[PDB]
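quick one, structure for this:
(12 chains)
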Amino acid sequence: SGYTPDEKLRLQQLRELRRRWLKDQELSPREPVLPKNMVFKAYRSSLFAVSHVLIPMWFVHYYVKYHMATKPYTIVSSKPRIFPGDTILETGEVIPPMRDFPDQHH
Amino acid sequence: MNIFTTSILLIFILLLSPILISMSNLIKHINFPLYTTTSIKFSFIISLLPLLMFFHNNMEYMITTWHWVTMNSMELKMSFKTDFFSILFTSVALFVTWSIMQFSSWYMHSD
Amino acid sequence: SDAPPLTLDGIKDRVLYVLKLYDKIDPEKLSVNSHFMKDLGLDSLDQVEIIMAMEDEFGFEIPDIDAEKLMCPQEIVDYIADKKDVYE
Amino acid sequence: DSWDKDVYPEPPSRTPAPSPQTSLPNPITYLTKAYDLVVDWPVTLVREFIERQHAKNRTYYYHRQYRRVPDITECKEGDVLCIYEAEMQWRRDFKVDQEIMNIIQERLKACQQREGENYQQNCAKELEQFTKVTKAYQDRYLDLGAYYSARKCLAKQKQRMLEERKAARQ
Amino acid sequence: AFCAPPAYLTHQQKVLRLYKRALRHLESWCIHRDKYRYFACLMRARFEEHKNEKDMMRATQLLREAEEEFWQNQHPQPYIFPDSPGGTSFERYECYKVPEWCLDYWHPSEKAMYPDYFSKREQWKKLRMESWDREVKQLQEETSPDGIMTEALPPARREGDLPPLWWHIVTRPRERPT
Amino acid sequence: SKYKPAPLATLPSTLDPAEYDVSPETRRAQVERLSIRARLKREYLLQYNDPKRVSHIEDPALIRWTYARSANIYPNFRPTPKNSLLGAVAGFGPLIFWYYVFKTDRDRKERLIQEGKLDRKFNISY
Amino acid sequence: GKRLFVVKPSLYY
Amino acid sequence: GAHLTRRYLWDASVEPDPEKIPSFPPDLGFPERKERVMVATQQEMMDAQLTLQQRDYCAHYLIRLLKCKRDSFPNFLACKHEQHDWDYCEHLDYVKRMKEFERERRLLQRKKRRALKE
Amino acid sequence: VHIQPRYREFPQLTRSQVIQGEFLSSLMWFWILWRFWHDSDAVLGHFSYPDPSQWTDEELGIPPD
Amino acid sequence: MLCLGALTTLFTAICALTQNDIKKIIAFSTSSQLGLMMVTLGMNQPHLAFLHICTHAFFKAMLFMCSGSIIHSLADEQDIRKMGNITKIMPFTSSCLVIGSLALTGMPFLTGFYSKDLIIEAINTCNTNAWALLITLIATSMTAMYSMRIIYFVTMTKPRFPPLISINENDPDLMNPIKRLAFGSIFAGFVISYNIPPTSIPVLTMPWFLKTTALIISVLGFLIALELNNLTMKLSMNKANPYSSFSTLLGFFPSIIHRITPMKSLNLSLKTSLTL
Amino acid sequence: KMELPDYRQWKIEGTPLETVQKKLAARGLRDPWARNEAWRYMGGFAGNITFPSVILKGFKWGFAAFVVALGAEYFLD
Amino acid sequence: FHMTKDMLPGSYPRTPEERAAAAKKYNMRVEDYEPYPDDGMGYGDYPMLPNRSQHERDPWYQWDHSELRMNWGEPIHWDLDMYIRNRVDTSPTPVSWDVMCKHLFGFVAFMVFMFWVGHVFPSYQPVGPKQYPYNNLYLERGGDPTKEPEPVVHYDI
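Residues are numbered from 1 along each chain as shown, chains lettered A, B, ... in the order given. What follows is the structure:
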């Protein structure tokens, strides 16, 4: 069955007060009362790249070269690939090439 | 041997920068999602650099930035093993997270 | 941007739109105060189908007790406005 | 570099000369040149300034050396003075041995990272050194307990020497 | 939600609830609209053919059998509207549904950010203060001395009066506060 | 083709047989339960919407639940053989079980170490 | 526009 | 694979298992069998830093492919010929393994025929 | 950027979204066709898997009988 | 590891076969791909597993982004039963979703070719468990099946969303990251796999049915799922089966375990430790 | 404000809903919500979406670009 | 506060007047009130509410404790902290519990048995072992350079 007159009148009055409350929830046009663009490539990326990237790169490079490379086993890299026919920069010798490759089918 | 480590630690510094900006009380004056998205894309480029280096010479790296503690014979140190896996997953994760940050800026609006 | 707000006139228009698309209700006798059983001559299954149509339109369900309380398009409009906080 | 290759050995690098077959420019070479000119030059300038300031204000510090006090083996039991001196000397040597083990382990890790795919063959002497120093460390310091001391180390050594002597009987 | 449940559901209400739930699960199975309309008209035909039952004991038996059939043939994952319970968006904005009494604890600077809103808030508070005594008297008058009591509440019955216990209903947080 | 209820998957309130065979006693019991519920709801709503209230609403049901869970258990505890056996098992059986587990493991380890058959490869920091 | 007040706790402290 | 159903359905006497291959002496049926030759030696493989899995009898082609890629790191799509050479060598090695498998399978069949003759 | 909502009709589509969508679809299909034309090793490989039955006993080195 | 990965990829594909929430479908797809990576680790192919990590990261990022755009355009509506006509109403998102589905199933020379098909060739041509191999192939076919389910019930058929059209995908903040992930999901597997240093020597001498296995089973899964979806379009109610109930209710694992283990644990806690 | 289309435009002919209506009238039944469901089969939604039509989207321009690329490669080599 | 010992829970009721007093204390009907059996487990007069979790509660009703789905003043189950919505669920399932358990156990057992079958009948390729040079890579696998290994000879075919 439908609404009783009791519940219908209560819902009507409650909804009207809800309309009033939600209308009062609006903001006045003065609310709230608070107390060099150039282009994106030329300016916006420029100062960000020179501030948040370049200066941290300076500090990181300083720490890496003068506080990490000065320690013995801090930065350890694997040996480079040495192929036949290569010339060693540090030593100066050329390692001999491989054999004659008897298969030339493909 | 310096540019490689500098790029890795610069990835980490560029990631740590928006956290310090968040706790440094200037968020109300800047566009924080856009700033973080630019931070992620610059981290992705700076991570593309060791990707190219490893694709060239296959250098395998181990970097011990900071010594944390020493307990008798165990020397707990902050070390990074810059591998094929580390480099490639770092680049892929940074690219994906750049897309995720921009999509989050679109999607979590009115939040 | 997305998700435009609801208005009272929009809710009324959409409710009357669905009720006019209903075949058992002739659109010339339909009013916003037309009772489903008094002057429309419908039944409880028809009312349940009407409420399900309104749920399908507005993308959210009405609970069963309020749904069986609803018996006229004005009541449906008032329920939708009260649920969605449409004050004007 | 404050470190020395006598205690941190490192094989000399053998890098190959570049042999670019392709005609494309190398972005790695371009980026390294730009990175040097932009980052490395100001960093080395400010580091040279810092070094010359340190040269203006130069100070020195020394490494403390302890004379050898008599060992606990010649200390009478119940004589807490010489026992204390020997115990402090033993704790000092224990800490030195901990750092020796750290040095050997760091050397082994450096060997493994340097060799990479050839570590199972080219780190044979590093692994042998690690195994020998690990065996010696286990013979002198293992199973002492949380209250490790010169007395406990001496008792363990005496027990081990007694077992070795009894095994040497037959 | 806006109405309180009674002591028990009558037979007609149980049948209507079964009909609506059956239609929802039928749409969950059918997916496509034309197929759903066909099978929903068939389900309506079944309910119509069992509508005119006069014994009411056989009607309760048919309701029990229909409920057994529904529980055998229900969709394991029926469609739920997102705002409905069990949905994806249900209770999503409860983290943002801040109650209105934190403005009482707001600092005078934060109040000074919003002068007109707080003036209207004070007007609402004064209205609540008078209406509370008025509605407590009304609820004492309206309460039966003994007998059956339900959760329904009276409206305002005189001019210049408000319904009892209106504050938590009228000043509830919005469903989309932001 | 029948739903079998469980303690962890209960019977639906629309599938239980007690719903369809109703009695006037059950109807008046439900009406009395609704009356009790409505009285409690009315009292709570008065206390909730009172503007002069400056504190939280105390819940005697929550107070009773906490008191029954905390301070009433030992006054209402009586030693029976069943709970004596249950307490003895739940207080000793895990202890005896883990005692035998650890004793067997450490005895095996000590035997292997004393006979030399257990090799400590690089265990230097125990 | 039609902007509405957002109820927030005291973030001042 | 038809070998799998022949082993698990017909019999396992003539169908061999992958673990003990070969189960016959290498000179059985071969009058002279030359030893397999290795082109790239241990020093060159160690300098090329090949993994121990890939130090097989195509290590020289792998070394050539790696040298090509290191030389022409830009334009990485330039060692297709070396990639094809290394893949063809691996295909030949796989064909040799298949030849070994079927050789010892036919030797198992020959053993069964000898047993039936005796 | 904002577009007018439609109640029950088909929405009005901007040129940018349809152009970019068909561009991405065409780019995917062009890449697939180009790679399939150039290196069609997705099908059959390029090594022509041998049938072992045609290998001879003289090259498999089994003794005759 | 091989057995565990095969079991979980089969189970998660089966669970994904009959889901309705699009996020649930692609999450079970993610779990199936993780099971495939665990299979690849069960074989001695870790580098193929890492390559599949990268390629699958691209696929799932773009797929989830497209699904989120669908959800935001349909006003936080998440299940596929109230979608439809997405190909015509959201053309950019539909195009990128189709790209993601094809690259997940392993259409040739996309980003999924260079990891998934090498994994399928390796599992076909290496000595492993037979049942793990069979259910891995069935899981790949079912991956094609649920991708077709997504494509059908979202991008195809008639509209089923509520009438008020509030679709607006014209924001560059939406278009640009999806475009970048689309470029990734097209070209990144190719670029990465041609820049990978050669390791874990693949076998390439295999019969034709062991070479085109992944493509054949993907096409078969697409055709089977298309026929099943047309049967669902056909106007007839069919009686539900325990297989479909098992698939839809996630194999009864969440209900059974998440009801029996918290109950036993917390009941043991209160009824024994604290009280007794 | 927002203006709704004229509800009289929602007819039933040429529809799967019309097929459903024929099937129901075969059983002596009438479907009254068909016009409410009619908007999903009319106008810009009135079209059969096919799985080849979804997969082969942009295939024409992709093949055209492929042909142009082949011609460019043949001209350069 | 104003909570006294007559409103706090007490001992196990013996007499009908004690049962009526307990029911009035817990705001329950006398017929609905039924305490735990007097097994000496410390329950006292606390009621035996039915073992249904808060998921079975009506979600469309405005409970006084909306997270708990409970009203104010109604008796609280002894295991509310186990039956909260963040925890153990007792809601009815579309398929019965015994059938769910049997299907789950049968699926797991069938998968385990099939894995065992595939293990005892492995699938492979008609190939021999992988061929490796230099005595199966003795030195690079880490053999003793001083020791001479037993030579491993591989032949062409």
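
stretch L:10-22 close to chain F?
Yes. Using CB under 8 Å from any CB of the partner chain, stretch L:10-22 reaches chain F at L:10, L:11, L:12. Backbone N, C-alpha and C define where each C-beta goes, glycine included.

in that stretch, what's buried?
Buried residues in stretch L:10-22, defined by neighbour count with 16 or more other CB atoms under 10 Å in any protein chain shown: L:10, L:12, L:13, L:19, L:21, L:22.

got phi/psi on the third one?
Looking back up the chat, that one is residue L:13. When quoted as degrees, to the nearest 10, the phi and psi of residue L:13 stand at phi -70, psi 140.

also the one 10 residues further on?
According to degrees, to the nearest 10, the main-chain angles of residue L:23 amount to phi -60, psi -40.

ok and the residue in chain E nearest chain F?
residue E:7 (3.9 Å; CB to the nearest CB).

so that residue touches residue F:36, yeah?
No. Contact between residue E:7 and residue F:36 fails when scored by CB atoms under 8 Å: they sit 10.9 Å apart.

which parts of chain E sit against chain J?
Residues of chain E lying near chain J (CB under 8 Å from any CB): E:28-35, E:38-39, E:73, E:76-77, E:79, E:82, E:88-89, E:92.

return the member of the buried residues of stretch L:10-22 nearest to residue J:124.
residue L:12 (70.7 Å; CB to CB).

quick check: closest non-adjacent residue to the closest one.
residue L:38 (4.6 Å; CB to CB, 6 or more residues apart in numbering or on different chains).

how deep is that neighbour tucked in, by neighbour count?
Residues lying near residue L:38 (other CB atoms under 10 Å in any protein chain shown) number 15.

sec struct for it, please.
Of the three states, residue L:38 takes coil under DSSP: H, G, I helix; E, B strand; the rest coil.

do you know how far it is from residue B:29?
According to CB to CB, to the nearest Å, residue L:38 stands 70 Å off from residue B:29.

can you check residue E:137 too?
Residue E:137 is 55 Å from residue B:29, by CB to CB.

past the longest helix along chain E, which element shows up next along the chain?
Scanning chain E for the longest helix, with DSSP state H as the assignment, gives helix E:115-142. As assigned by DSSP states H and E, the chain's next helix or strand after helix E:115-142 is helix E:167-170.

list of residues touching that following helix?
A:14, A:17, A:18, A:21, E:128, F:45, F:48, F:49, F:51 (CB atoms under 8 Å, 6 or more residues apart in numbering or on different chains).

can you do 7 Å?
Here helix E:167-170 makes contact (CB atoms under 7 Å, 6 or more residues apart in numbering or on different chains) with A:14, A:17, A:18, A:21, E:128, F:48, F:49.

the fourth one belongs to a helix?
Which is residue A:21. Yes. Note on residue A:21: a helix contains this position according to three-state DSSP.

which residue, other than its chain neighbours, is closest to it?
residue E:170 (5.2 Å).

how much space between that neighbour and chain H?
Distance, residue E:170 to chain H, using CB to the nearest CB, to the nearest Å: 70 Å.

so where do the helices sit in chain I?
Listed in chain order, the helices of chain I (DSSP H) span residues I:15-38, I:57-60.

oh, I was asking about chain D
D:27-35, D:41-56, D:80-115, D:119-122, D:124-141, D:150-169.
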